[PDB]
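This document starts with one chain, in the form deposited in one PDB entry, laid out as structure tokens.
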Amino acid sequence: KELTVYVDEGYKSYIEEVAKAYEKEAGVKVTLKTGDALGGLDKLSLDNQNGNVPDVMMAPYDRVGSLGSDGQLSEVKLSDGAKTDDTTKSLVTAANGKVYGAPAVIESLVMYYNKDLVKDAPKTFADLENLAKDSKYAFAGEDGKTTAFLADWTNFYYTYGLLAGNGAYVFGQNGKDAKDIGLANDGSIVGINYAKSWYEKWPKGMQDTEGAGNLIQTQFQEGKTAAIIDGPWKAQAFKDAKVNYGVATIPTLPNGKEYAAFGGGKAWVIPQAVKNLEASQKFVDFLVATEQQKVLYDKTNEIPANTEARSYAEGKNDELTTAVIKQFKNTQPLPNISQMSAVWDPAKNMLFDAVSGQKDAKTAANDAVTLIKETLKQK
């Protein structure tokens, strides 16, 4: 009779609509519950053991695999109507490896460019190098620096595409072998050096131990940079700032490989102590079925995982949507094993160390690897 859905406030308009259709197609009552998504998944470790859990909720793909493995979520049956491809199925399959969610949304980093500064989206990294050549991008305050292209490359999430595109990887077996860490392989090193090559030509504020993003955002808004790398979550900010931006796929690396960013996004998930696993599964099936997924984009702009609704989304001829769609084809999974937490800090520091001149590219890398190695085993 009743199904409770715990979502972020941003889904109120989405759930209320989807609920009325479901309630009038099957005979079950959908009651929404506003909250905080990530916080809700935290308090789920100590909620299954009492059953005071909602029937359906939402979770990012990395949290699907962690919570999954740590027995916090019921398994999910993937239906034909969910239209999951190998890569989205992959995204909801934990290490062991059963499925623990139905893919709802996908995301990836994109390139934003200023149309008042360039006629076309830079297609390659060379193209971006040539724009740093042009004097009209020189940074006032020091020399010889540009703002022609800025990326938050002290951020591992931002910088990962650059490294992996050159041949790096966090864990082996597409993020499963914790004994096989590739953040210090030859590709990882040239990638790091490549970032370094930029930072030598960038305003020293880019090396800020915290808010590099703000500077990058400022520069794009005031119209001082031609292209940046950032997520879809920045779009509004640029809209507000009345910037004439366009959105394309991240330019391809000088080695000719695509910018291998982390494949982001969210899944519909079922707590393990739900009152009726079948009832939940049915509603989750209804949630990933082409129409609801189509409606999800309509009401939130979030790019659908269901491939059918994804093409629908593509068909909207919107630059951000399409770029996210196209860039995702080339993304790599954020490893969902619990050992990912041992990476964030050593890998963040690897970046700062190398770009700030504290360490050469080989040293920072190695140091981070053997430090991730150590936080593992002390598991």
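When you see a residue number, it is the position in the sequence shown, counting from 1. Throughout, rigid core stands for the largest set of C-alpha atoms superposing within 1.5 Å between the two forms.
Heads up, the form deposited in another entry isn't pictured, but that's what we're talking about next.
With the core superposed, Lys98 shows a C-alpha displacement of at least 2 Å between the shown form and the other one.
Core-superposed comparison between the shown form and the other one: the C-alpha position of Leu183 differs by less than 2 Å. Inter-residue distance, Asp85 to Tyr259 (Cα): increased by at least 3 Å in the other form versus the depicted form. Relative to this form, the distance between the C-alpha atoms of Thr218 and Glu302 is reduced by at least 3 angstroms in the other form.
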